[PDB]
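>>> What follows is a protein structure lacking sequence information:
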C-alpha cells in the first residue's frame, strides 16, 4: 500500500471490479441477424523512427 | 424609386401597423403565378433538406422571398435589403481602366465574340450561332474561348470579398457561405430544370455573402428546347466561380455540398416528384402564357415566329424530371430535350455531339446513360458545366467568359 | 422626453427617511421565517402597489414589493390560483384578489419600464424577475425582454445577473417545456455574451460557473440556441469595411522618406474605444485621436486635390463618423461632452456655410441628426438631436443669402417636410421626434414674420 | 523611461529609418512579447519629431475665416461612480495622482479648426497604441508596409533581396522562439508576411504550430494559400533534381493547410485536399468516397488493405499518403466505436515488440498529437465498459509523476482523469479535475472567434458532457440520495428527459453520454448493494422487504428500474444512429442489446421492430439483390407465434408489426419488378424462400410479384383496420396519433404508387382488383389530413387529380369526407380550389371555399 505523502495519491491498482469473466461465452445466438465481423486491424511499420 | 432593369419596375415602402417598414417591388404587365409556384417548390425542397441529417448538420437552405400576384397582369414581389446583383458587384470591383475596356472598347470579349461569330459564319443575326455549330471545330472553339477568357481579370470575386472584409476570418466566412449557397442553388436549379442563369439573375447578400436566385422564367428544359440558341448547360459554373477557390479545386466544398443535396433529394422523391407533377399539369400554364412571357422579354430573341413550334407536353417534362431524380446522365437528358425541341434543324447532329461529349476529354461520355450514383452524377454535372466546348458556343448575353 | 430628468423632491428629508425605512425593512422584514408575514401579504401589497402607481419614479416601492413577493414564496401563497376565474374562491378570495392584482401590476411595470434607466430600472427588473412562476407561466413574452435586459445589464452589474440566472433556472425547472421552448433562442444569446467575456456581490467566476452548469443542464437539444443570434444580421456587421476604397492618405514624416499610411483602418476600433471603454485613460486617448482624425478628414476633404482628379468623396466615411460624434457629444462623461459638443456645433456651422452647401455632406449630417432624434432607446441623444435641429435651422436661415434657395436641398421648406413626414409616421417614436424637433424650433420659427404667414395652418393641421 | 531613452540613443538604434526596423527586429525577447508591438511602434515614431516637417502645421489653409480664441482646457475633476446610488435623493488614495492626462491643444471658434499641428495626429495615435494591442498591431503593420514600399524606391535589387532575406530570418526566429503565443503578435507577423512576396517563404511548421497554439487558424490558412498561389516554387513533375528522401516543399504546405482546416472543423475542404493533392492512388479515392458516405467499415477496410499491400505496379506511395491513411483509419475506428481496434492502431507504431512501451508516447511531438488522444480515449472506454486492464492507469500515474507530462495531461484530458479517479473511488479528488475541465472549457470557448460555428458547437457538446459528469459527482457525494427511491427516480426522469440531438449531434457525443450514464448506473448499483457481505441477510433481518413484495408488486427493486432505463437509453441511441445513416454502429448496438433483449415480451418486440426499421433504412442505398437479401433476413422475425402471443395483447405493437411486414413485402415486390432475373441471380435457397412467401402456384416472374403485392396490401390494410378498430381513445391534440398517421400514409402511398404504375405503362390486364384503391387513397388521406399530417397537406392535389380521373368511385366520398376537415388546411392549395370551380367536379370544394370565405 503506497498512498504516498503528497496529493497525487497515485493508485497502484483498482479494488473495484477486476471481474475475471464477463458476458456469456455464447456471445449472441444469431450469426445471421448481424453482419460478419470487421477484419482485425493489422499494422507493422518500422519502430525507432525520428519525426515520422 | 425606379429600378434600372428590364421592364422598369418600381420600389415602394409600406408602413404597417406594427411600426415597421416593408419594402416591395411593383411589377405591372407581368404574370407572376409561375414565380409563386417555383417559390412553393423551393419551400418543399427546403423542408426535405431540413429533414435530412447530413444537410441539417451544414444548414443547407435556399433563401426564399415572397411573390404575391394580385391580378393576372400585376403583382407584388418582396424587396431584399442590402443585396446587390452579381454583375453589378463584378463591374464595381473592376477599376476605371478595366471597366472602360470591357464595357466600351474594341477587341473586348463582348465584341470579340461577335467578331468571331462573323468570322466563322457570314451572318450578323441569330443564324450565326447555327452556322458556327454546323461550321466550327472543337479545337478552334476551345482555343478561341480560352483566349477570350484570358482578357478578363481572374480574381474579381476574390478582390471583391477582400475589399468588403476587414479580417481574414470574415473573408473565410464570406467565401464559404458564397460557395455553399451557389452549390445548393446550382443543384436545386438543375433538379427543377431552370435555365437562363445569366449574371443579372443572381443576387448577392452583401452582409453575409449568400446568393439568391431570381427571375424564374424558364422551367423544365425551356432554355434547351424552345430557344433559337439552345442552352446546353445545367447551371452557371464559370471561370470566376472556379477562381474564387484559388488554391483548391471545385472537387472539394462545392462538390461535397452538391453531392449531399442530391443524395437528400434522391431519397424518397415521392413528395418532390408529386409537387412538380402538380406544377407541370396546370390549366394556367398553356403554351400561350409561355409565348407571351418569352415575347415580352428579350432573352435569346425568340421572335414572333417560333422555329421549334408548339411541342408542349407536360408528361415529357415530368418524365425527364423523374428520370434525372433517379440515376441518369445529364448529357442524355439534354440530348433528349434537344431531340424533343430542335429536331427539324440543320445543326441537330452538332448540337447532339457538343452536348454529349467526345469520350477523350469528358467524363460524362465515358459513363452509362442510366443507373449513375450521386457522386458520378455530380461529377458529370460539373464536367458538363465547365466544358469549354459547350461554353464557347453560348448566347452572347450569357457572357460565358465571366 | 426622459421622465426622470430635471426633477427634484420637494422635501429632501422625506426621501432620506423613505430610503432609511426601505433599507431597514430589507434587514428586519424577511426574518422569523415569514410565519408571521402570512396575514400581511395582501395588506402590504395593495398599499405598496397603490403608492407605486401614484408615484412611478420611486424605486423604494419596487424594492419593498420585491421583499413582499419573496416572503410570500416561502409561505407558498400562490400555489393554487393558476385556474384564476375558473373557480371564484374555493379556499380564500384574498389570495385570488392578490394574485390578480399582482398579475396586472407586473404587466404594466414591464410595459412602463422601457423608458427607465439606472437604479429605477434595476429595481423594476428585480421586482418583475422575483415574481412567482405561475404569473410568468400565464404570458411568457411580456417577461422575456425583462430577462434580456437584466442579463445585458448584469454583464456589468452583478446583482442583475444573479437575479436573471435565478429567474431563468426557475422558469426552466417549473414551467412546462412546450410553452418555454420557443423563447430559448431569445434568452441564450446574452448568456453567450456572458461566456465570451471569460477570456478577461458574487464574483463573475461563480456567475460563469453557474452559466456553464445551466447550459449543460438544459441539454443538447436546447443549448444550441446559444448560437442563434450569432452568424446572422448584426453579428456579420461591423465586420465589413466602411468604404471599399481608401480616402484618408497620411504621409508620416521622417528625415529621409515619407511613408504613406491610411487612417481609415483605425476608425472602427477607435470609435468603439471612444464610445465604450472600461478604462478611462484609453477612452481619453481614443477620444483625442478621434478628434484629430475628424480634423484630418475635414482638411483632406476641403483640400483642393493636386492631381487632375476631383476632390476625394468622404460621404460613406462621414455617414459612419457623424452618428458616433452625436453619441459622443452627449456622453455621461464631461470631458467628452465639453470636447465634442463644440465639435458638433462647429460642424453644423461649417456645413451650413455658403461654401459647403447643397451637397451630400450636409445631407448626411442632417439625416444623421434626424435619425438620432428617433432613437427608441436613448433619450439624451434625442434631446441633443433636438438642440442640433434648432442650431441647424438657426444657422441655416442666417448664413445663406435671401437668394440661392430655389431647387436647393437642405432648406427650411425641406426640413419642415421631413418633420411633417416624421409626424405622420405610424411609428410612435417618429411622432415623438417630430414633436421634440418642433418644440426646439418654435422660438426661431416665430421670429421670421414672412416664414410664419405660410407655415402655421399646415403645421397646426399636421400636428393635430 | 530611462531605459527607453537609453535604447533610443544613437549607436544602439540607427537613425537611418530603414536599419532601425532591423534593429528593432533584433531587439526582441520572448519575455516582452506582450508589449513588443507598442515598444517598436514608439521607437519608430519617436524619430518623427526629429524631422523639419514635424513642428509646422499640417494643413496650410483654413476652411473659411474664423478667429480662434484662447486655448480651452477641460475641467480635470475627480471621477465618481453614479450607476450604483439612490436617485432623486435631493478617498482617492491613488486616483488623485493618476488623473487624466491630455495632449495637443484646442481653440474654440465658430468653425472647426483644421489648421492643427502635425504632432496632433502622431501623439494620440501612439498614446492609444500603447494601451491597446489591436491598435498597435494595425499601426505596426501599416508602418512596416509603408516603410517597405518606400524603401523599394530607394534601393537596388541586391540590397532589397538581402533585407528581405534578413526580415524572413527574423520572422522565422520570432515564430520559432516564443512561449507566450500572444495572439496579436503572431497575427501581425503572419499578416505582414502575407501582404508581401519575398516573405511568403515563411516556414510552414512554425506557422501551423503558432496558429494552433494562439488560435489564429484563419490567418495561418490565408498565409498558406497565398504562399501556395503566388510563390510558384516548382511546376516540373519530372523531378529534374536528383532523387533523395525529403518530401516536396509544396506538399508540406498542403499538409499544414490540411492540419489547420481539420483543426478549424471544415472536413469538406480537408477531404477535397486529400482527394486532389495528397492522394495519388486509386484506393484512396474509394476510401474517401466511403468515408464521405458515412460507411466507415468499408473505408477502414480499404485503409488497412492499402497499408498492408506490399507490391505497387504504379510506384511506392509517398509518406504523406501513408500517414494520412493511418490517421484516417484511426478516425474511422473511432467513428465505429471499435475500442479494441482503436487501442491497437494507437499503440501499434510505438514498438515492434508484442507489448508496447507506453512511455515512448512522451518521446516525439508527432506521437503526442496523433496517438495520445486516441489511445487515452480507447483505454478509458474499454475500462468504462467493464473490462479490466491496468495499462492506462499505470501510464497515467507514471506520467503525472513528471511535470510536463502532468501539465499537458491536465490541460486537455481533465474529464478523463475525473472518470478514471471516479472509477477507483476517490470521490473527493475528482471534483478538482472536473473543475479544471470546466475552467479549461471556459478558456477554450472564449478564445475562439465568433465567426467559426463548428468549434463553438463542439465545445457546447463538450460542456454538456462535463456538466453531466459534475452532476453525477454531486449526486453521489451525498449519502442522503442513496436511501429510498425518490432521488433515483428524479435522476432517472431527468436523464431520460435530457437527451442529445438525434438529427444534429454526432455519434461521439451520444457514445460518450451513454457510456458515462451506464457507468454511473453500474456504480450506483454497486454502492446500493446490501450492507452485509452475504446477500439477503439484512433482508431477512428487517421486516420491510417482506411486505414490500406484496403491496409494491407493481414494480421491482432498483435493479429492474436501472435495467429498464439502460435498455431505453440504448434503444434511443440505436434509433439516433439509424437516423444519422450510421448502420454498422447500429448493428453492433443491436446485437449487444439482443444478448439480453429476449427476457421480456415488450423488450423483444421493440428490438425486432428496431432491427426491421434499421434494415429497411439500409435497403434504400443498395442494389436489388442486396435489397432482397436484407429484407429476406428481416422477414423471418415478423411471423413468429412466440411474439404473436404478446402482439395479441397490445394493439399498438400489432399495428406497427403489420406496417413493418407490409413495408418489407412492398420492398421485395418493388425490387423484383425493377429487375428481372434478380431471383435467378441469387442462390436456390433464397429463391425457393421467395417463391414460398409469394404464395403463387405458377413459377414465372409475374405471379410471384402479384402475390407479394397482394400480401403487402393485405398487411397494410390489416394494420389500418387494427388502427381504426378502437385501438385508442380519441386522444385530442394528436398525442399518440403518429402511429395512426403512419398507417394511413403507408397504405395511401402504396395504393397511390400502384395507381401511378397503371397510368404510366399501357395496361393489357383488366386489373379489376384496383377498384377499391382510389377510394381507399382518398378516404385514408382525408383522415390523415384531419389528424394534422403535413405530408397529406402537401399531397392534397393528388386527391383532386384522382377525383378528376375516377369521378364516380370517390367524388361523393370526398364531398362527404372533405366537409369535416378544418378549412384552414387548404390555404396552400387555394389557387387549385378556386380554379376548380367552373368544372363538373367542383361540388367537393364548395363547402371548403365557403368556409374559408366566411373565416
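Received it, and whenever you're ready, just let me know what you need. Numbering: from 1, shown residues only, chains lettered A, B, ... in the order given.
>>> Buried residues of stretch B:276-286, list them for me.
B:276-280, B:282, B:285 (16 or more other C-beta atoms under 10 Å in any protein chain shown). (Each C-beta comes from the backbone N, C-alpha and C, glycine too.)
>>> and the residue nearest to residue C:303 when sequence neighbours are not counted, how many residues sit next to it?
What sits nearest to residue C:303 in space, not counting adjacent residues and going by C-beta to C-beta, 6 or more residues apart in numbering or on different chains, is residue D:59, at 6.8 Å. Per other C-beta atoms under 10 Å in any protein chain shown, the neighbour tally for residue D:59 reads 18.
>>> So residue D:59 is in contact with residue D:115, correct?
Yes. Taking contacts as C-beta atoms under 8 Å, residue D:59 lies within contact range of residue D:115: 5.8 Å.
>>> Show the backbone phi and psi for the residue of the stretch 401-550 of chain D found nearest chain A.
Closest contact between the stretch 401-550 of chain D and chain A, by C-beta to the nearest C-beta, is at residue D:424 (4.7 Å). Taking degrees, to the nearest 10, you get phi -90, psi 60 for the backbone angles of residue D:424.
>>> Next, work out how far apart residue B:101 and residue D:107 are.
50 Å (C-beta to C-beta, to the nearest Å).
>>> residues in contact with the residue in the stretch 651-800 of chain D that chain B sits nearest to?
Scanning the stretch 651-800 of chain D for proximity to chain B using C-beta to the nearest C-beta identifies residue D:797 as nearest, at 4.4 Å. By C-beta atoms under 8 Å, 6 or more residues apart in numbering or on different chains, the residues touching residue D:797 are B:274, B:278, D:829, D:832.
>>> List the residues that contact residue D:673.
residue D:705.
>>> where along the stretch 51-200 of chain D do the helices fall?
Per DSSP state H, counting those that start in this stretch, the stretch 51-200 of chain D carries helices over the ranges D:119-129, D:133-151, D:157-176, D:183-195.
>>> and the last one, how far from the chain's centre?
Mean C-alpha position of helix D:183-195 versus that of the full chain (C-alpha atoms, centre = their mean, to the nearest Å) differs by 30 Å.
>>> cool, stretch D:380-399 as well?
27 Å.
>>> follow-up on the earlier one: just send the contacts of residue D:797 back as JSON lines, with distance to chain A and secondary structure too.
As requested, these are exported to JSON lines (distance: C-beta to the nearest C-beta, whole Å; DSSP: H, G, I helix; E, B strand; the rest coil):
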{"residue": "B:274", "distance to chain A": "35", "secondary structure": "helix"}
{"residue": "B:278", "distance to chain A": "41", "secondary structure": "helix"}
{"residue": "D:829", "distance to chain A": "45", "secondary structure": "coil"}
{"residue": "D:832", "distance to chain A": "48", "secondary structure": "helix"}
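>>> Quick one: which of those is the most crowded by neighbours?
residue B:278 (22 neighbours).
>>> In space, what's closest to that residue - neighbours in sequence excluded?
residue D:797 (4.4 Å).
>>> Over to residue A:4?
According to C-beta to C-beta, 6+ apart, the nearest residue to residue A:4 is residue A:10 (6.2 Å).
>>> From chain C, how far off is the one you found?
Using C-beta to the nearest C-beta, to the nearest Å, we find residue A:10 at a distance of 29 Å from chain C.
>>> Surely that residue touches residue D:399?
No. Here residue A:10 lies out of contact with residue D:399, judged by C-beta under 8 Å, at a distance of 10.2 Å.
>>> which of those two has more neighbours?
The neighbour count for residue A:10 versus residue D:399, taken as other C-beta under 10 Å, is higher for residue D:399 (18 against 15).
>>> Quick check: which element contains the more buried one?
Assigned by DSSP states H and E, residue D:399 falls within helix D:391-401.
>>> Report the buried residues of that helix.
Within helix D:391-401, the residues that count as buried by 16+ other C-beta under 10 Å are D:391-393, D:395-397, D:399-400.
>>> number of nearby residues for the residue in chain A that chain B sits nearest to?
Nearest residue of chain A to chain B (C-beta to the nearest C-beta) works out as residue A:35 at 21.9 Å. Residue A:35 is flanked by 15 other residues according to other C-beta under 10 Å.
>>> Run through the residues that contact it.
Here residue A:35 is in contact with D:584, D:587 (C-beta under 8 Å, 6+ apart).
>>> From chain B, how far off is the residue most central in space within chain C?
By C-alpha atoms, centre = their mean, chain C has its centre lying nearest to residue C:377, at 3.3 Å. From residue C:377 across to chain B, the span is 14 Å (C-beta to the nearest C-beta).
>>> any idea which element residue C:461 lies in?
Per DSSP H and E: residue C:461 is located in helix C:457-463.
>>> Give me the secondary structure label for the residue nearest to residue B:278.
Under DSSP: H, G, I helix; E, B strand; the rest coil, residue D:797 falls in the helix class.
>>> My understanding was that residue D:180 contacts residue D:34; is that so?
Yes. Contact criterion C-beta under 8 Å: residue D:180 and residue D:34 qualify, at 6.7 Å.
>>> quick one, strands of the chain?
I went with chain A, as the question did not name one. With strands called from DSSP state E, chain A shows none.
>>> not what I meant, chain B
Going by DSSP E, chain B shows strands at B:10-15, B:21-28, B:67-71, B:74-78, B:83-85, B:202-205, B:211-213.
>>> Given the third one, what are its sheet partners and their directions?
Same thing as strand B:67-71. Strand pairing for strand B:67-71, determined by DSSP bridges: strand B:74-78 (antiparallel).
>>> contacts for the strand it pairs with?
B:9, B:23-32, B:35, B:65-70.
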